[PDB]
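A.B. asks: First the structure, then my questions, so here it is.
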Amino acid sequence: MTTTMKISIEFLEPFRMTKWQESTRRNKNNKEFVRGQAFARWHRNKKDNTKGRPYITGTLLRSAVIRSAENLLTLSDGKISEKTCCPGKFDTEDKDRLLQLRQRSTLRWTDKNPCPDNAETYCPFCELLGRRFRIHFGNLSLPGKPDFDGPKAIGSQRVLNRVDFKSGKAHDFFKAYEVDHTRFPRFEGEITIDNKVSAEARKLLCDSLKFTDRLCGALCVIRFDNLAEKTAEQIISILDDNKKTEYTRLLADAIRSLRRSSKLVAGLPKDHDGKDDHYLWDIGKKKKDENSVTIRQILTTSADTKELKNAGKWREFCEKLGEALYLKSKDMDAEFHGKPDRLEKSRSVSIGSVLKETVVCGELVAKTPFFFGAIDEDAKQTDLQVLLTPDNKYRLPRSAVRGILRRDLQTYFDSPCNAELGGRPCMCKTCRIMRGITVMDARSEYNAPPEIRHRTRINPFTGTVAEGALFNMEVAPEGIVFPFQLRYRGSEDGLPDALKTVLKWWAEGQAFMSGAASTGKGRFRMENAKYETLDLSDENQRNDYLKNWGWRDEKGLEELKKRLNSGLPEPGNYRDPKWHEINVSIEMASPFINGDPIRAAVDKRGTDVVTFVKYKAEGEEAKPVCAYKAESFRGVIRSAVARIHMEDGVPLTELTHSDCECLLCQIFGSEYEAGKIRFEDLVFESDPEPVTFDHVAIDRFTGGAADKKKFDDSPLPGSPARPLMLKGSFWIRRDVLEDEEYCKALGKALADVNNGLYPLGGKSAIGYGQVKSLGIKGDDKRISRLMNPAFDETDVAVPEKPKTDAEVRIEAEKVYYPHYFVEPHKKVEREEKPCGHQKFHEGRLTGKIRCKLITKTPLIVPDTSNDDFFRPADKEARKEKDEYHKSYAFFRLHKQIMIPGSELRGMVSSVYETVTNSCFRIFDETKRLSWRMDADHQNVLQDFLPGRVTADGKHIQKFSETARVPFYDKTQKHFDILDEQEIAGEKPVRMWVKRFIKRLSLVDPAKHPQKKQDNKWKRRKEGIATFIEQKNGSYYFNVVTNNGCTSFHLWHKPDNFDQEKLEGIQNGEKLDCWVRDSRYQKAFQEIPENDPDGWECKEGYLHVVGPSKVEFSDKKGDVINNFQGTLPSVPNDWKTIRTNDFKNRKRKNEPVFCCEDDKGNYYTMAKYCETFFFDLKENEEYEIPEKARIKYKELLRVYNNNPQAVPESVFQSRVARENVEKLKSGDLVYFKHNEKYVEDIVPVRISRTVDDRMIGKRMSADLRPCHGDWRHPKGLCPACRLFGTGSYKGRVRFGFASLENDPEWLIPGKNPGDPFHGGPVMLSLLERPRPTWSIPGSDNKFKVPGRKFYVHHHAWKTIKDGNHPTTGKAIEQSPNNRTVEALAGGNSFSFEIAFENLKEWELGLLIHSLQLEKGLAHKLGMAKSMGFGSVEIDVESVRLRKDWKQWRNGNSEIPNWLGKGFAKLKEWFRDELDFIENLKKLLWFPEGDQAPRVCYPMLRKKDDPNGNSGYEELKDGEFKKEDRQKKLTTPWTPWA
RNA sequence: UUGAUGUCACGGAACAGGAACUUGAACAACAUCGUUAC
RNA sequence: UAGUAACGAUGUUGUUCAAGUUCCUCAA
């Protein structure tokens, strides 16, 4: 007796879902069960396990149908078909149940009796209301009834908001679950209708089901009828197996950046030679063990797996791999929800019968990168995320659009709302329009990953970043189009005036929707707007509206979009939107950089930092453009404002901005209110191709390139020819331009920015940024009227340089050295506090210094961007893998000769820090030295005893003595009778050891007058002689000693003076002879067949080292000559090398081995013996500390890394041939000890000695790098206060020098008529410096000498011709020298030095270090150990700065500052200024007719035509060991 | 997997404040091997 | 009965980034 009607809803928007709670907090007292009643619920079976499906109750649909019936019943004057309708009853006497009452002001129609319950025929509204069930509503569930694994498998919980209006930041908040409509678009259920209900109530129910449009926060229409985890573990294992565990976060951040495309792995950077040993992309490979994969190979084999071929799979793989790597690198609340007021009776009111409908279509594109904060969980790498669709599409929710419409409608009026989330509906002017507005969501179909931006915060007391201020941010691209549709229904004749004015504001590109609007986030623009007004008051238009469910679905929308008229309606009352656009145009003159290190790590160029480049969308693809960030420009302008205004004493940079109405808190905003000025990005108006500049860090002592301190950067090029224009804009509020107090502050800040200060970008300390001019327009000269520059009276000329007094006596026929260190003082002061990069102090100076550089000796500043500049034409380009002869050009930027700022900065910094006796800026406090020890018994080789380490590496057992066993000889055989188990020293052997041999003579008393001048014949006694056999050269004898106690057999070779004693020997005569003992320390295996004497059989260890001591050469030495032809080849394995020739051929002295390899090398091998350690003394051992093992590790690292070694691997020692790295349990050791502690361990008899301390502990404690903590503390060296340091910005900025006259090269080019290119000159070897010549020994006597100032001379006239500076022979090219292009004397450059907050004694010393006296000169460039680079600097106008209006050129104040500087120099050091005298002696330039010949010595005296006693004769006598420091300190000591 | 005589939740902008920056001449002369003889 | 003395050859490149901060405030 029922009639089931099957219904089915279909969502067109992401609906919302509530949270599940147990059946105890399901009353009217919970504040989360209420406010969660208008959503869908989540039912889970088997409670306490999150597993179920969502559903929608029937009471919500019943309430919606009742509301739609009330709204539809008054539109036809209360008559459905024929009969009139009763008003209905909405009152209940019981109120302990019915958890929620109605506060709605029920509509009215035809007021009459409420049809009391005691009836027999009701009104159709009574039958629809339900007065066993009359109209039963069923639950809506999913079609197939599935079972999911929780509410986080179908949706995602996002946080909603409630912002304020005056202090427009926030209030409480709440959150809910929302499910997408593309995955769950359908719900099904039924309604059980009785038989005899009516024939007009069914029509009302059908029209009410067709009239309802939204159920759960969304529009609807009701119808009726494993690789990435293991890849992360493998990468982590690779990073842990090596020592590269500090590259993990950079690896995570650079791997996450590869999610844009899979064609980025085949373009990763390489080395500088094109190899595959990058410092982070090629970790894992070694010298051996080929089966070791790198990270590049892992990423290359994972890009094509037939699973990560799509974009989404590769994107997800990269995202979770970066998340896993970040999580591995890591370990190295109040929601005001509800409270609706329980009202007893609703105040029924009538609204009439006039109802219209307006549909506004169109779309809104983006003009700035937008942002919608949706920071979710399970992703902690970005910490500022955007809102995306489950298919990675960008969307804007309708809640943000509704809130922005509310804000704009409150702005159109002048009255904010006063609601408090409860009670009766509010009836203000902006809540009666907001109650008829319906909007929709968007998708934008872009589907691309968003870029990441890095932001910081700078401490305004030191100039660096603050502690703990560094964070990321991701923004959506620019140019994405969203579909738009607004629908309004009311009683007016169309749209109201407020909505028309707001839409006219939005059609002008002033729709600031959401995001970080203070830094120039999303600003949209509504385009292609259409509108059409319907009329639901009649019956021939309402039935056509109800026939097709309105026009909400896609088919109805495609039919409706053919009826809308174009163009928005004009408003009756305009309101002149309250935001004004101001354009900004900056023009530069120097390079520009905006750092981005992750992009430089991914880029294929192979640099360290690259400039910032943003993307923009063209509908489906992204294109990159270089720009300047908006946050950096906002920070620059904010710091320009904050440093001028005082606000009651302390400047705006020291305030906390807690509860103050400061000038920064009313324009730029704070954490309590929003700002009133919004900035934007700045494009570059062109296509600037980046260039690459190489840098280096030159050591102070032994001036050369320091370790691990080579780098480069890729800035955008700028020069005075092409000035790199910048274009941008920013928005200001309307009620700020009308104020006269804030516009003055903005004008002052922009005038201080225009006047040269505040450079934009990165490394401004070397001449980057340097804003040339700034011009704004679009404000009716309200701000651009204080931006006029001014001056003072500029006529006074600069004083001249003083005359010098330090002179030297240089004579002829003498040679000089080029190093001459400068010994410093012992008082480095650190008792002054730094100033602070805040407001401009009163008693300090700021301005510009214009200089003028002029060379007087050829200058070499190379362009290291490309080699082979002097390459011949019309030939092959280049072989892939070879070592050619490098050749460079001069430095050019835009085809213009220039000098960088870092060169001049380093030069002036060296002179200034050697004048004031400050801390050594850069140094190498590691790398302990080592020296080869001499070969002499008494001084060094007496203390080195033979030893052997025990079974554990803790003790060393010493031996008694040693004797040498002959190998590689021809008179024995020791290789084929001994295996490899006893020649490695791991098994003791048994040899026969002889100590003293006995020579023989004939007659002593008749030898006196011609011989016996060697006093060795003092131990002869007597001896009888026999004769048993005959030999060709010797004679056999049996000699007794004194009484016949023993007899020894020998072979005696006679001579001229003992040939008369024997004529014919008859085997039985008794000759007389004398026996003398001689030293003979040998040991054989079995016995020799020449000396049958008593050999003492001993027991000990035997060892070998290999054939060492090769005198290899290339010029057929004295031992290779006079040979017997056909020199053999080198054997491929040892233990078979024998003796070929003898060195002495009269006697049978030292044998050699001459051979020849495939090249022109000729080896001659000594060392026909090995050593044998016997008599191991037990129970006496010495401990090994850690210092000895550190020294041994250093010794092994020096032995194994040598470029001057023998090219053959067979003639090396055991240490270098087998590449050992530790000391084993039993091995060869020559150790040194004293009283149970060992000191030194050397492998061979004559090896090198490593010193105990490092080179940093050989100085004073004050001369070390003045860096560290000892606002900023007061412990800084005097040179790290003018120039910067770490955690302290320096207040001196240099600039690019530019040539103004004609080039005037050294030698003319190959093409006449083109005076812009020079000729090539070839230089000498230029080998690296040796710090082991200034510090000869290692005990305590040799401290670290000074700062290595090169002297001035003229030795470029010998290089220009083609000869050598030392000898006179012509130099020949090789893959070790260069061919540079140089300038000549008589060229002029010009640059500028900007300074700020300097004292009056620091400026005087800076001027004294810039310009020297009238006899000195500076020295910059390449190869200044010859005569190459001698410049002098004259200082022009020094115009100061005293206010933001006038600048007051101070040329007539120099002679005061200089004096004050010297006064300070007298205050610190009283009368101990000898270092300044030496520095003035070392900068002296030859004024005339003086030709000092300086050069480096050769190795010996036989390899130079002058015969000047090269380095091997200078180590004795003049520069022996104790006169080295003394002679190398005096500014001009003869080279001798 | 809801109760019926009463649900404005399309009744609420995840908003407000922050300079990828500080320091650094692309340069530069004396070392490398071990033993032989008495 | 013991351990003493210093000699012989002439050839050759190196660093390519290092030290810092990598999340907080206003709220709760």
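Convention: chains lettered A, B, ... in structure tokens order; per-chain residue numbering from 1; ligands numbered from 1 as shown.
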Residues within 10 Å of residue 26 in chain C, please, as a PyMOL selection string. Count only C-alpha atoms (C1' of nucleotides); anything in the same chain fewer than 3 positions from it doesn't count.

C.D. replies: (chain A and resi 169+658+670-672) or (chain B and resi 16-17)

A.B. asks: Check which residues of chain A sit at most 6 Å from chain C using only C-alpha atoms (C1' of nucleotides), and return one row each with the closest pair of atoms and their distance in Å to one decimal, ordered by chain and rising number, as a tab-separated table.

C.D. replies:
residue	atom	partner	partner_atom	distance
A:467	CA	C:21	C1'	5.4
A:468	CA	C:21	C1'	5.5
A:469	CA	C:23	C1'	5.6
A:470	CA	C:22	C1'	5.3
A:471	CA	C:23	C1'	5.5
A:671	CA	C:26	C1'	5.6
A:707	CA	C:15	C1'	5.1
A:708	CA	C:17	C1'	5.5
A:709	CA	C:17	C1'	5.3
A:710	CA	C:16	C1'	5.2
A:711	CA	C:17	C1'	5.1
A:936	CA	C:6	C1'	5.3
A:1111	CA	C:9	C1'	4.6
A:1204	CA	C:12	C1'	5.3

A.B. asks: Which of these residues is nearest to residue 12 in chain B, using only C-alpha atoms (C1' of nucleotides): A:162, A:1245, A:26, A:1348?

C.D. replies: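 With only C-alpha atoms (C1' of nucleotides) as the atom set, the closest residue is A:162.
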
A.B. asks: Using only C-alpha atoms (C1' of nucleotides), find which residues of chain B lie within 6 Å of chain A and jot them down as JSON, numbers by chain.

C.D. replies: {"B": [2, 5, 6, 8, 10, 12, 13, 14, 15, 16, 17, 18, 19, 20, 22, 23, 24, 25, 26, 27, 28, 29, 32, 34, 38]}

A.B. asks: Pull the helix (DSSP H, G or I) assignments for range 874-926 of chain A out of DSSP run on the backbone, and list those residues as a list in words.

C.D. replies: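 For range 874-926 of chain A, the helix (DSSP H, G or I) set is residues 901, 902, 903, 904, 905, 906, 907, 908, 909, 910, 911, 912, 913, 914 and 915 of chain A.
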
A.B. asks: Mind the document's chain letters and residue numbers, and return as a ChimeraX atom specification the residues of range 507-736 of chain A that DSSP labels strand (DSSP E).

C.D. replies: /A:524-535,565-566,579-588,613-617,622-628,677-678,682-683,693-698,705-713,725-733

A.B. asks: Quote the spacing between CA of residue 1225 in chain A and CA of residue 1173 in chain A in Å to one decimal place.

C.D. replies: 16.6 Å

A.B. asks: For a test of reading the model, state the distance in Å between CA of residue 298 in chain A and CA of residue 600 in chain A, rounded to one decimal.

C.D. replies: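 Atom-to-atom, CA of residue 298 in chain A to CA of residue 600 in chain A, that is 20.9 Å.
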
A.B. asks: Do you know which residues are at most 10 Å from range 349-359 of chain A counting only C-alpha atoms (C1' of nucleotides), after dropping those on the same chain fewer than 5 positions away, and could you put them as an NGL selection string?

C.D. replies: :A and (71-77 or 104-109 or 436 or 438 or 485-495 or 530-538 or 560 or 564)

A.B. asks: Emit the selected residues as a compact mmCIF listing (two decimals), in the first residue's frame, including C-alpha atoms.

C.D. replies:
# COMPACT_ATOMS: atom_id res chain seq x y z
CA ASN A 71 9.57 29.90 -1.48
CA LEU A 72 7.52 28.52 -4.39
CA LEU A 73 4.10 28.73 -2.71
CA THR A 74 4.10 32.52 -2.32
CA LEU A 75 5.12 33.02 -5.96
CA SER A 76 1.74 31.77 -7.24
CA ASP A 77 -0.37 33.47 -4.53
CA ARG A 104 14.28 32.25 9.70
CA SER A 105 11.20 34.56 9.63
CA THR A 106 8.92 32.21 7.67
CA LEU A 107 7.35 33.69 4.54
CA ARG A 108 3.67 34.67 4.50
CA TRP A 109 0.71 34.28 2.15
CA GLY A 436 21.13 36.27 -2.73
CA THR A 438 25.61 32.32 -5.54
CA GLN A 485 29.63 32.49 -13.02
CA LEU A 486 27.62 34.61 -10.57
CA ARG A 487 23.87 34.29 -10.00
CA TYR A 488 21.66 36.73 -8.09
CA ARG A 489 17.92 36.62 -7.37
CA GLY A 490 15.94 39.30 -5.59
CA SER A 491 13.08 41.76 -5.81
CA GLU A 492 14.84 44.58 -7.68
CA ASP A 493 14.81 45.28 -11.43
CA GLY A 494 18.09 43.48 -12.05
CA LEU A 495 21.31 43.97 -10.09
CA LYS A 530 27.75 38.72 -20.18
CA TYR A 531 24.46 39.17 -18.36
CA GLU A 532 20.75 38.43 -18.75
CA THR A 533 17.79 39.06 -16.43
CA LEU A 534 15.06 36.43 -16.09
CA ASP A 535 11.60 36.87 -14.55
CA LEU A 536 10.16 34.20 -12.25
CA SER A 537 7.03 36.24 -11.47
CA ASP A 538 4.83 35.04 -14.35
CA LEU A 560 21.84 29.38 -21.94
CA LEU A 564 23.14 36.45 -22.86

A.B. asks: From the list A:1455, A:340, A:799, A:1044, which residue is nearest residue 7 in chain B when using only C-alpha atoms (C1' of nucleotides)?

C.D. replies: A:340

A.B. asks: By how many Å are CA of residue 207 in chain A and CA of residue 224 in chain A apart?

C.D. replies: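 CA of residue 224 in chain A lies 11.5 Å from CA of residue 207 in chain A.
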